[PDB]
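# need coordinates for the following:
(one chain, ligands or ions: 1)
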Amino acid sequence: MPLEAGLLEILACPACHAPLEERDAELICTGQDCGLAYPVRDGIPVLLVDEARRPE
Ligand SMILES: [Zn+2]
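Residues are numbered from 1 along each chain as shown. Take a look:
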């Protein structure tokens, strides 16, 4: 009962599975219901919905 992987190189949002767009030091969610923004902290990206930031 192995967990699904499907190439870990595939880009997909944390929960709102959809295309992601990198911008400078922040990541922007792209897709139909996407639009959330995730800033990089200490060189580490944020994949938490609660910490996700809304469009400026
Ligand atoms: Zn997304």
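# tell me the SS of residue 21?
Following DSSP: H, G, I helix; E, B strand; the rest coil, residue 21 is assigned to strand.
# neighbours of it, how many?
Residue 21 has 13 neighbours, counted by other Cβ atoms under 10 Å. (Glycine included, C-beta is placed from N, CA and C.)
# just checking, it touches residue 30?
Yes: at 4.7 Å, residue 21 counts as touching residue 30 under the criterion of Cβ atoms under 8 Å.
# show me the strands in the chain, by range?
In the chain, the segments counted as strands under DSSP state E are 20-23, 26-29, 37-41, 44-45.
# what residues are up against residue 55?
With contacts defined as Cβ atoms under 8 Å, 6 or more residues apart in numbering, residue 55 is in contact with 35, 37.
# then residue 51?
By Cβ under 8 Å, 6+ apart, the contact list for residue 51 reads residue 38.
# find the nearest non-adjacent residue to the closest residue to the ion within the chain, please.
Nearest residue of the chain to the ion: residue 13, at 2.6 Å (Cβ to the ion). Nearest residue to residue 13, sequence neighbours excluded (Cβ to Cβ, 6 or more residues apart in numbering): residue 29, at 5.1 Å.
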